[PDB]
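Enquirer: Coordinates in query33.txt, compact mmCIF, N, CA and C atoms, are listed below.
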# COMPACT_ATOMS: atom_id res chain seq x y z
N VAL E 836 62.69 24.32 -150.81
CA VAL E 836 62.38 22.90 -150.95
C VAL E 836 62.13 22.27 -149.58
N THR E 837 63.03 22.53 -148.62
CA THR E 837 62.97 21.89 -147.30
C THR E 837 63.01 22.99 -146.23
N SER E 838 61.86 23.63 -146.03
CA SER E 838 61.69 24.58 -144.93
C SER E 838 60.22 24.91 -144.74
N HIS E 839 59.74 24.82 -143.51
CA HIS E 839 58.37 25.22 -143.21
C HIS E 839 58.29 26.74 -143.15
N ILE E 840 57.31 27.30 -143.86
CA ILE E 840 57.23 28.74 -144.06
C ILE E 840 55.81 29.22 -143.77
N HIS E 841 55.73 30.40 -143.17
CA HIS E 841 54.46 31.08 -142.94
C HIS E 841 54.46 32.36 -143.77
N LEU E 842 53.45 32.52 -144.62
CA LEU E 842 53.30 33.73 -145.42
C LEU E 842 51.96 34.36 -145.12
N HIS E 843 51.96 35.67 -144.90
CA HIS E 843 50.76 36.42 -144.59
C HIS E 843 50.52 37.48 -145.66
N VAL E 844 49.33 37.42 -146.25
CA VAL E 844 48.87 38.41 -147.22
C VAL E 844 47.74 39.20 -146.56
N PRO E 845 47.90 40.49 -146.32
CA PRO E 845 46.87 41.23 -145.58
C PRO E 845 45.52 41.16 -146.28
N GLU E 846 44.47 41.10 -145.47
CA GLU E 846 43.11 41.13 -145.99
C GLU E 846 42.80 42.51 -146.56
N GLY E 847 41.78 42.56 -147.40
CA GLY E 847 41.34 43.78 -148.03
C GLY E 847 41.10 43.67 -149.52
N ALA E 848 41.78 42.75 -150.20
CA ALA E 848 41.56 42.58 -151.63
C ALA E 848 40.16 42.04 -151.89
N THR E 849 39.51 42.59 -152.90
CA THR E 849 38.23 42.06 -153.33
C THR E 849 38.42 40.62 -153.82
N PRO E 850 37.42 39.75 -153.66
CA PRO E 850 37.64 38.34 -154.05
C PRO E 850 38.14 38.15 -155.48
N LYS E 851 37.65 38.93 -156.44
CA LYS E 851 38.06 38.72 -157.83
C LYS E 851 39.53 39.03 -158.04
N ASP E 852 40.00 40.17 -157.54
CA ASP E 852 41.35 40.64 -157.82
C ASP E 852 42.38 40.08 -156.85
N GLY E 853 41.96 39.25 -155.88
CA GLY E 853 42.88 38.66 -154.94
C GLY E 853 44.04 37.90 -155.58
N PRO E 854 43.80 37.12 -156.63
CA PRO E 854 44.92 36.39 -157.24
C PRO E 854 45.98 37.31 -157.81
N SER E 855 45.65 38.59 -158.01
CA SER E 855 46.60 39.58 -158.50
C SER E 855 47.86 39.61 -157.66
N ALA E 856 47.80 39.08 -156.44
CA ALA E 856 48.97 39.00 -155.57
C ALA E 856 49.90 37.86 -155.93
N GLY E 857 49.73 37.18 -157.06
CA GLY E 857 50.59 36.05 -157.36
C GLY E 857 52.05 36.43 -157.46
N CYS E 858 52.36 37.43 -158.29
CA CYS E 858 53.75 37.82 -158.47
C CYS E 858 54.33 38.38 -157.17
N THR E 859 53.52 39.13 -156.42
CA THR E 859 53.98 39.63 -155.12
C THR E 859 54.38 38.48 -154.22
N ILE E 860 53.53 37.45 -154.12
CA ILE E 860 53.84 36.31 -153.27
C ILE E 860 55.11 35.62 -153.75
N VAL E 861 55.23 35.43 -155.07
CA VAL E 861 56.40 34.73 -155.60
C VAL E 861 57.67 35.50 -155.26
N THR E 862 57.67 36.81 -155.49
CA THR E 862 58.87 37.58 -155.23
C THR E 862 59.18 37.62 -153.74
N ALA E 863 58.15 37.66 -152.89
CA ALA E 863 58.40 37.61 -151.45
C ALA E 863 59.07 36.31 -151.07
N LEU E 864 58.58 35.19 -151.62
CA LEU E 864 59.20 33.90 -151.33
C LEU E 864 60.65 33.87 -151.79
N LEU E 865 60.91 34.37 -153.00
CA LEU E 865 62.29 34.38 -153.49
C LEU E 865 63.18 35.27 -152.62
N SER E 866 62.68 36.44 -152.23
CA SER E 866 63.46 37.31 -151.35
C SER E 866 63.80 36.60 -150.05
N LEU E 867 62.82 35.93 -149.45
CA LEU E 867 63.10 35.19 -148.22
C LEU E 867 64.14 34.10 -148.47
N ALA E 868 64.02 33.39 -149.59
CA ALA E 868 64.95 32.30 -149.86
C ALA E 868 66.38 32.81 -150.01
N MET E 869 66.57 33.89 -150.76
CA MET E 869 67.89 34.46 -150.97
C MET E 869 68.21 35.60 -150.01
N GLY E 870 67.25 36.05 -149.21
CA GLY E 870 67.49 37.11 -148.26
C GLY E 870 67.79 38.46 -148.86
N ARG E 871 67.89 38.57 -150.18
CA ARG E 871 68.13 39.86 -150.81
C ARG E 871 66.86 40.70 -150.74
N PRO E 872 66.83 41.78 -149.96
CA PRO E 872 65.61 42.60 -149.91
C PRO E 872 65.28 43.16 -151.28
N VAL E 873 63.99 43.16 -151.61
CA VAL E 873 63.56 43.71 -152.88
C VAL E 873 63.94 45.19 -152.95
N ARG E 874 64.13 45.68 -154.17
CA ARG E 874 64.42 47.09 -154.36
C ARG E 874 63.37 47.95 -153.67
N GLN E 875 63.79 49.12 -153.21
CA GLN E 875 62.91 50.00 -152.47
C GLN E 875 61.85 50.59 -153.39
N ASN E 876 60.88 51.27 -152.79
CA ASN E 876 59.84 52.01 -153.51
C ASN E 876 59.36 51.26 -154.75
N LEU E 877 59.18 49.95 -154.63
CA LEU E 877 58.73 49.11 -155.73
C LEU E 877 57.42 48.42 -155.35
N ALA E 878 56.56 48.26 -156.35
CA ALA E 878 55.31 47.53 -156.18
C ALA E 878 55.07 46.69 -157.42
N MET E 879 54.27 45.64 -157.26
CA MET E 879 53.95 44.77 -158.38
C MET E 879 52.56 44.18 -158.17
N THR E 880 51.97 43.72 -159.26
CA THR E 880 50.67 43.07 -159.23
C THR E 880 50.53 42.23 -160.48
N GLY E 881 49.63 41.25 -160.42
CA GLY E 881 49.44 40.33 -161.53
C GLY E 881 49.29 38.90 -161.07
N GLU E 882 48.84 38.03 -161.97
CA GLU E 882 48.62 36.62 -161.66
C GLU E 882 49.76 35.78 -162.20
N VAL E 883 49.95 34.61 -161.59
CA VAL E 883 50.96 33.65 -162.03
C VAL E 883 50.24 32.37 -162.43
N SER E 884 50.87 31.60 -163.31
CA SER E 884 50.21 30.49 -163.97
C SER E 884 51.06 29.22 -163.89
N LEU E 885 51.69 29.00 -162.73
CA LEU E 885 52.38 27.75 -162.46
C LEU E 885 53.56 27.52 -163.40
N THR E 886 53.82 28.46 -164.30
CA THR E 886 54.84 28.27 -165.32
C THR E 886 55.73 29.50 -165.44
N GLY E 887 55.24 30.65 -164.99
CA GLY E 887 55.96 31.90 -165.12
C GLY E 887 55.21 32.90 -165.97
N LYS E 888 54.30 32.41 -166.80
CA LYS E 888 53.45 33.30 -167.57
C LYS E 888 52.54 34.10 -166.64
N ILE E 889 52.32 35.36 -166.99
CA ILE E 889 51.56 36.27 -166.15
C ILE E 889 50.34 36.76 -166.92
N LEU E 890 49.25 36.97 -166.19
CA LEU E 890 47.94 37.24 -166.76
C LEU E 890 47.49 38.64 -166.39
N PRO E 891 46.56 39.21 -167.15
CA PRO E 891 46.04 40.55 -166.82
C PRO E 891 45.26 40.54 -165.51
N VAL E 892 45.04 41.75 -164.99
CA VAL E 892 44.27 41.97 -163.77
C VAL E 892 43.43 43.22 -163.96
N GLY E 893 42.45 43.40 -163.07
CA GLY E 893 41.56 44.54 -163.14
C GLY E 893 41.90 45.62 -162.14
N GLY E 894 41.10 46.69 -162.12
CA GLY E 894 41.33 47.78 -161.19
C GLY E 894 42.69 48.41 -161.31
N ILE E 895 43.18 48.61 -162.54
CA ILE E 895 44.50 49.18 -162.72
C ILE E 895 44.56 50.60 -162.17
N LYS E 896 43.51 51.39 -162.42
CA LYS E 896 43.53 52.79 -162.02
C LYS E 896 43.67 52.95 -160.51
N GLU E 897 42.89 52.18 -159.75
CA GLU E 897 42.95 52.29 -158.29
C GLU E 897 44.33 51.91 -157.77
N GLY Y 774 34.84 51.53 -121.17
CA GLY Y 774 36.12 52.03 -120.71
C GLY Y 774 37.24 51.09 -121.11
N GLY Y 775 38.45 51.43 -120.71
CA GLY Y 775 39.59 50.56 -120.92
C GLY Y 775 39.91 49.81 -119.65
N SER Y 776 40.49 48.62 -119.81
CA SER Y 776 40.88 47.81 -118.68
C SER Y 776 42.22 47.17 -119.00
N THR Y 777 42.73 46.37 -118.07
CA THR Y 777 43.94 45.60 -118.27
C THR Y 777 43.62 44.12 -118.07
N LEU Y 778 44.09 43.29 -119.00
CA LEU Y 778 43.87 41.86 -118.97
C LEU Y 778 45.21 41.17 -118.85
N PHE Y 779 45.29 40.15 -118.00
CA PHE Y 779 46.53 39.40 -117.80
C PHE Y 779 46.52 38.20 -118.74
N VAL Y 780 47.18 38.37 -119.88
CA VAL Y 780 47.34 37.26 -120.81
C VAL Y 780 48.26 36.23 -120.17
N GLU Y 781 47.83 34.97 -120.19
CA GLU Y 781 48.54 33.90 -119.50
C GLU Y 781 48.90 32.80 -120.48
N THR Y 782 49.98 32.08 -120.18
CA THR Y 782 50.45 31.00 -121.02
C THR Y 782 50.87 29.83 -120.14
N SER Y 783 50.81 28.63 -120.71
CA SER Y 783 51.18 27.43 -119.99
C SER Y 783 51.61 26.36 -120.98
N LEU Y 784 52.38 25.40 -120.48
CA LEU Y 784 52.91 24.30 -121.28
C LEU Y 784 52.04 23.08 -120.98
N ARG Y 785 51.02 22.86 -121.81
CA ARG Y 785 49.98 21.88 -121.51
C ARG Y 785 50.35 20.47 -121.94
N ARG Y 786 51.62 20.16 -122.18
CA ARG Y 786 52.04 18.80 -122.46
C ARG Y 786 53.53 18.70 -122.20
N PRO Y 787 54.04 17.50 -121.90
CA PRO Y 787 55.45 17.39 -121.51
C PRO Y 787 56.37 17.90 -122.60
N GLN Y 788 57.41 18.62 -122.18
CA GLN Y 788 58.35 19.19 -123.14
C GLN Y 788 59.05 18.10 -123.93
N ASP Y 789 59.60 17.10 -123.23
CA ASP Y 789 60.38 16.06 -123.88
C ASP Y 789 59.49 14.85 -124.17
N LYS Y 790 58.61 15.03 -125.15
CA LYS Y 790 57.91 13.88 -125.72
C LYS Y 790 58.91 12.90 -126.32
N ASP Y 791 59.90 13.42 -127.03
CA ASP Y 791 60.99 12.61 -127.57
C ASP Y 791 62.20 13.52 -127.74
N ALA Y 792 63.35 13.11 -127.22
CA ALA Y 792 64.56 13.88 -127.44
C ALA Y 792 64.86 14.02 -128.92
N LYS Y 793 64.52 13.01 -129.71
CA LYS Y 793 64.64 13.06 -131.16
C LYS Y 793 63.39 13.60 -131.85
N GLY Y 794 62.31 13.80 -131.10
CA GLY Y 794 61.05 14.22 -131.68
C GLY Y 794 61.15 15.52 -132.46
N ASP Y 795 60.58 15.54 -133.66
CA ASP Y 795 60.58 16.71 -134.52
C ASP Y 795 59.20 17.35 -134.64
N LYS Y 796 58.24 16.89 -133.85
CA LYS Y 796 56.89 17.42 -133.94
C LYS Y 796 56.91 18.92 -133.66
N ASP Y 797 56.27 19.69 -134.54
CA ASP Y 797 56.24 21.13 -134.36
C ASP Y 797 55.41 21.50 -133.14
N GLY Y 798 55.85 22.54 -132.44
CA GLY Y 798 55.13 22.97 -131.25
C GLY Y 798 53.72 23.43 -131.60
N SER Y 799 52.74 22.67 -131.13
CA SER Y 799 51.35 23.03 -131.36
C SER Y 799 51.01 24.31 -130.62
N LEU Y 800 49.80 24.81 -130.86
CA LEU Y 800 49.26 25.95 -130.14
C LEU Y 800 47.80 25.69 -129.82
N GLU Y 801 47.37 26.13 -128.64
CA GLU Y 801 45.97 26.13 -128.25
C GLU Y 801 45.66 27.49 -127.66
N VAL Y 802 44.49 28.03 -128.01
CA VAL Y 802 44.13 29.39 -127.63
C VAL Y 802 42.74 29.38 -127.02
N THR Y 803 42.60 30.10 -125.91
CA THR Y 803 41.31 30.32 -125.29
C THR Y 803 40.95 31.79 -125.41
N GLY Y 804 39.80 32.16 -124.86
CA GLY Y 804 39.31 33.51 -124.94
C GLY Y 804 38.22 33.74 -125.96
N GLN Y 805 37.48 32.69 -126.34
CA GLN Y 805 36.37 32.78 -127.29
C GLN Y 805 36.67 33.79 -128.39
N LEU Y 806 37.83 33.63 -129.02
CA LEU Y 806 38.32 34.64 -129.95
C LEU Y 806 37.71 34.47 -131.34
N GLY Y 807 37.68 35.58 -132.08
CA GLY Y 807 37.24 35.57 -133.46
C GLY Y 807 38.33 35.12 -134.41
N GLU Y 808 37.94 34.95 -135.67
CA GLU Y 808 38.86 34.41 -136.67
C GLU Y 808 40.05 35.34 -136.87
N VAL Y 809 39.80 36.65 -136.97
CA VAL Y 809 40.91 37.59 -137.10
C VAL Y 809 41.84 37.47 -135.90
N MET Y 810 41.26 37.27 -134.72
CA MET Y 810 42.08 37.05 -133.53
C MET Y 810 42.92 35.79 -133.66
N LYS Y 811 42.33 34.72 -134.19
CA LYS Y 811 43.09 33.48 -134.37
C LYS Y 811 44.28 33.71 -135.29
N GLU Y 812 44.05 34.42 -136.40
CA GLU Y 812 45.15 34.68 -137.33
C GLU Y 812 46.21 35.57 -136.68
N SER Y 813 45.79 36.57 -135.92
CA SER Y 813 46.75 37.43 -135.23
C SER Y 813 47.58 36.63 -134.24
N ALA Y 814 46.94 35.73 -133.49
CA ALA Y 814 47.67 34.90 -132.55
C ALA Y 814 48.66 34.00 -133.27
N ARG Y 815 48.25 33.43 -134.40
CA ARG Y 815 49.17 32.60 -135.18
C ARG Y 815 50.36 33.41 -135.66
N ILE Y 816 50.11 34.63 -136.13
CA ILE Y 816 51.18 35.50 -136.60
C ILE Y 816 52.15 35.80 -135.47
N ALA Y 817 51.62 36.16 -134.30
CA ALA Y 817 52.47 36.43 -133.15
C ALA Y 817 53.28 35.19 -132.78
N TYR Y 818 52.64 34.02 -132.82
CA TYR Y 818 53.34 32.77 -132.53
C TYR Y 818 54.54 32.60 -133.45
N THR Y 819 54.32 32.73 -134.75
CA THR Y 819 55.40 32.53 -135.71
C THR Y 819 56.50 33.56 -135.52
N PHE Y 820 56.14 34.82 -135.28
CA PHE Y 820 57.17 35.83 -135.09
C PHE Y 820 57.97 35.57 -133.83
N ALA Y 821 57.31 35.14 -132.75
CA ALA Y 821 58.04 34.82 -131.53
C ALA Y 821 59.02 33.67 -131.77
N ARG Y 822 58.57 32.65 -132.50
CA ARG Y 822 59.47 31.56 -132.86
C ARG Y 822 60.69 32.10 -133.61
N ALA Y 823 60.45 32.91 -134.64
CA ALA Y 823 61.56 33.42 -135.45
C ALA Y 823 62.49 34.30 -134.63
N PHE Y 824 61.94 35.11 -133.72
CA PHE Y 824 62.78 35.99 -132.92
C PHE Y 824 63.64 35.20 -131.95
N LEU Y 825 63.04 34.24 -131.24
CA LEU Y 825 63.84 33.34 -130.42
C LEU Y 825 64.97 32.74 -131.24
N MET Y 826 64.64 32.28 -132.45
CA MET Y 826 65.66 31.71 -133.32
C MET Y 826 66.80 32.69 -133.56
N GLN Y 827 66.46 33.90 -133.98
CA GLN Y 827 67.47 34.91 -134.28
C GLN Y 827 68.24 35.36 -133.04
N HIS Y 828 67.71 35.09 -131.85
CA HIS Y 828 68.34 35.53 -130.61
C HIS Y 828 68.91 34.39 -129.78
N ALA Y 829 68.14 33.32 -129.57
CA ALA Y 829 68.56 32.19 -128.75
C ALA Y 829 68.42 30.91 -129.57
N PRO Y 830 69.35 30.67 -130.50
CA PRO Y 830 69.22 29.49 -131.36
C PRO Y 830 69.13 28.18 -130.60
N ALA Y 831 69.88 28.05 -129.50
CA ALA Y 831 69.88 26.80 -128.75
C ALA Y 831 68.50 26.47 -128.19
N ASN Y 832 67.79 27.46 -127.66
CA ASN Y 832 66.48 27.23 -127.05
C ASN Y 832 65.50 26.83 -128.14
N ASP Y 833 65.00 25.59 -128.05
CA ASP Y 833 63.98 25.08 -128.96
C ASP Y 833 62.62 24.99 -128.31
N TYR Y 834 62.40 25.74 -127.22
CA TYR Y 834 61.16 25.60 -126.46
C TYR Y 834 59.94 25.78 -127.35
N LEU Y 835 59.90 26.88 -128.11
CA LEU Y 835 58.72 27.15 -128.93
C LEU Y 835 58.54 26.11 -130.02
Spit out the file's structure as structure tokens when you get a sec.
Expert:
Amino acid sequence: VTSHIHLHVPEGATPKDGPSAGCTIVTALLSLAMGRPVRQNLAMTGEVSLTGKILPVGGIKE
Amino acid sequence: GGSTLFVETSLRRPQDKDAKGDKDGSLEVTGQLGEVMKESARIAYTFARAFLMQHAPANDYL
């Protein structure tokens, strides 16, 4: 709520699938807020909808 | 070939604008840099701020 934050998402995502980083960004922010490092060897992808609902994404195989 | 460049820094405005002043430390960059360079410089800036914080909390220079 009350902290200036800098978040960096590395370049490389194609423009269409870029929003797929929504859940990643959210979990990164929560980890920073609580300082609890995310579980190891974990990855996530998907879109967020301002409410918690998550949407499909493309390029699943890659 | 490879060369060595002396990266230089300076404090281009008075430190104590206000003892109570909360204005965030601005940044200005020279070197006719590209956009990726600007983002890299910003990232380095933020990390240096955070490291000073984690090491020298009293020093608010940055």
Enquirer: Which centre and which edge lengths, in Å to one decimal, describe the axis-aligned box that holds all listed atoms of range 806-816 of chain Y after 3 Å is added on each side, as AutoDock Vina command-line options?
Expert:
--center_x 44.7 --center_y 35.1 --center_z -133.2 --size_x 20.9 --size_y 11.0 --size_z 14.3
Enquirer: Between CA of residue 815 in chain Y and CA of residue 851 in chain E, what is the distance, to one decimal in Å?
Expert: 26.0 Å
Enquirer: In Å, how far is it from atom N of residue 798 in chain Y to atom N of residue 835 in chain Y?
Expert: 7.3 Å
Enquirer: Measuring between all atoms listed in the file, which one of E:888, E:841, E:871, E:896 shows the shortest distance to chain Y?
Expert: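 Closest residue, counting all atoms listed in the file: E:841.
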Enquirer: May I ask you to extract the residues of chain Y within 12 Å of chain E, using only C-alpha atoms, and to give them as a list in words?
Expert: residues 797, 809, 812, 813, 815, 816, 817, 818, 819, 820, 822 and 823 of chain Y
Enquirer: Within chain Y, find each residue whose DSSP state, derived from the backbone, is alpha helix (DSSP H), and express the selection as a PDB file with N, CA and C atoms, in the frame of the given file.
Expert:
ATOM      1  N   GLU Y 808      37.940  34.950-135.670  1.00  0.00           N
ATOM      2  CA  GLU Y 808      38.860  34.410-136.670  1.00  0.00           C
ATOM      3  C   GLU Y 808      40.050  35.340-136.870  1.00  0.00           C
ATOM      4  N   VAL Y 809      39.800  36.650-136.970  1.00  0.00           N
ATOM      5  CA  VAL Y 809      40.910  37.590-137.100  1.00  0.00           C
ATOM      6  C   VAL Y 809      41.840  37.470-135.900  1.00  0.00           C
ATOM      7  N   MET Y 810      41.260  37.270-134.720  1.00  0.00           N
ATOM      8  CA  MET Y 810      42.080  37.050-133.530  1.00  0.00           C
ATOM      9  C   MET Y 810      42.920  35.790-133.660  1.00  0.00           C
ATOM     10  N   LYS Y 811      42.330  34.720-134.190  1.00  0.00           N
ATOM     11  CA  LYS Y 811      43.090  33.480-134.370  1.00  0.00           C
ATOM     12  C   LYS Y 811      44.280  33.710-135.290  1.00  0.00           C
ATOM     13  N   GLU Y 812      44.050  34.420-136.400  1.00  0.00           N
ATOM     14  CA  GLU Y 812      45.150  34.680-137.330  1.00  0.00           C
ATOM     15  C   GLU Y 812      46.210  35.570-136.680  1.00  0.00           C
ATOM     16  N   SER Y 813      45.790  36.570-135.920  1.00  0.00           N
ATOM     17  CA  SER Y 813      46.750  37.430-135.230  1.00  0.00           C
ATOM     18  C   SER Y 813      47.580  36.630-134.240  1.00  0.00           C
ATOM     19  N   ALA Y 814      46.940  35.730-133.490  1.00  0.00           N
ATOM     20  CA  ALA Y 814      47.670  34.900-132.550  1.00  0.00           C
ATOM     21  C   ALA Y 814      48.660  34.000-133.270  1.00  0.00           C
ATOM     22  N   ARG Y 815      48.250  33.430-134.400  1.00  0.00           N
ATOM     23  CA  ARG Y 815      49.170  32.600-135.180  1.00  0.00           C
ATOM     24  C   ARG Y 815      50.360  33.410-135.660  1.00  0.00           C
ATOM     25  N   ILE Y 816      50.110  34.630-136.130  1.00  0.00           N
ATOM     26  CA  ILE Y 816      51.180  35.500-136.600  1.00  0.00           C
ATOM     27  C   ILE Y 816      52.150  35.800-135.470  1.00  0.00           C
ATOM     28  N   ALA Y 817      51.620  36.160-134.300  1.00  0.00           N
ATOM     29  CA  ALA Y 817      52.470  36.430-133.150  1.00  0.00           C
ATOM     30  C   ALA Y 817      53.280  35.190-132.780  1.00  0.00           C
ATOM     31  N   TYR Y 818      52.640  34.020-132.820  1.00  0.00           N
ATOM     32  CA  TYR Y 818      53.340  32.770-132.530  1.00  0.00           C
ATOM     33  C   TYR Y 818      54.540  32.600-133.450  1.00  0.00           C
ATOM     34  N   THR Y 819      54.320  32.730-134.750  1.00  0.00           N
ATOM     35  CA  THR Y 819      55.400  32.530-135.710  1.00  0.00           C
ATOM     36  C   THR Y 819      56.500  33.560-135.520  1.00  0.00           C
ATOM     37  N   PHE Y 820      56.140  34.820-135.280  1.00  0.00           N
ATOM     38  CA  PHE Y 820      57.170  35.830-135.090  1.00  0.00           C
ATOM     39  C   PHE Y 820      57.970  35.570-133.830  1.00  0.00           C
ATOM     40  N   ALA Y 821      57.310  35.140-132.750  1.00  0.00           N
ATOM     41  CA  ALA Y 821      58.040  34.820-131.530  1.00  0.00           C
ATOM     42  C   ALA Y 821      59.020  33.670-131.770  1.00  0.00           C
ATOM     43  N   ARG Y 822      58.570  32.650-132.500  1.00  0.00           N
ATOM     44  CA  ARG Y 822      59.470  31.560-132.860  1.00  0.00           C
ATOM     45  C   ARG Y 822      60.690  32.100-133.610  1.00  0.00           C
ATOM     46  N   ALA Y 823      60.450  32.910-134.640  1.00  0.00           N
ATOM     47  CA  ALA Y 823      61.560  33.420-135.450  1.00  0.00           C
ATOM     48  C   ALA Y 823      62.490  34.300-134.630  1.00  0.00           C
ATOM     49  N   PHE Y 824      61.940  35.110-133.720  1.00  0.00           N
ATOM     50  CA  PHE Y 824      62.780  35.990-132.920  1.00  0.00           C
ATOM     51  C   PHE Y 824      63.640  35.200-131.950  1.00  0.00           C
ATOM     52  N   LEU Y 825      63.040  34.240-131.240  1.00  0.00           N
ATOM     53  CA  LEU Y 825      63.840  33.340-130.420  1.00  0.00           C
ATOM     54  C   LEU Y 825      64.970  32.740-131.240  1.00  0.00           C
ATOM     55  N   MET Y 826      64.640  32.280-132.450  1.00  0.00           N
ATOM     56  CA  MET Y 826      65.660  31.710-133.320  1.00  0.00           C
ATOM     57  C   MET Y 826      66.800  32.690-133.560  1.00  0.00           C
ATOM     58  N   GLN Y 827      66.460  33.900-133.980  1.00  0.00           N
ATOM     59  CA  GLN Y 827      67.470  34.910-134.280  1.00  0.00           C
ATOM     60  C   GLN Y 827      68.240  35.360-133.040  1.00  0.00           C
ATOM     61  N   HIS Y 828      67.710  35.090-131.850  1.00  0.00           N
ATOM     62  CA  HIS Y 828      68.340  35.530-130.610  1.00  0.00           C
ATOM     63  C   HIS Y 828      68.910  34.390-129.780  1.00  0.00           C
TER      64      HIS Y 828
END
Enquirer: Please indicate the distance in Å from CA of residue 875 in chain E to CA of residue 897 in chain E, rounded to one decimal place.
Expert: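 A separation of 20.9 Å between them.
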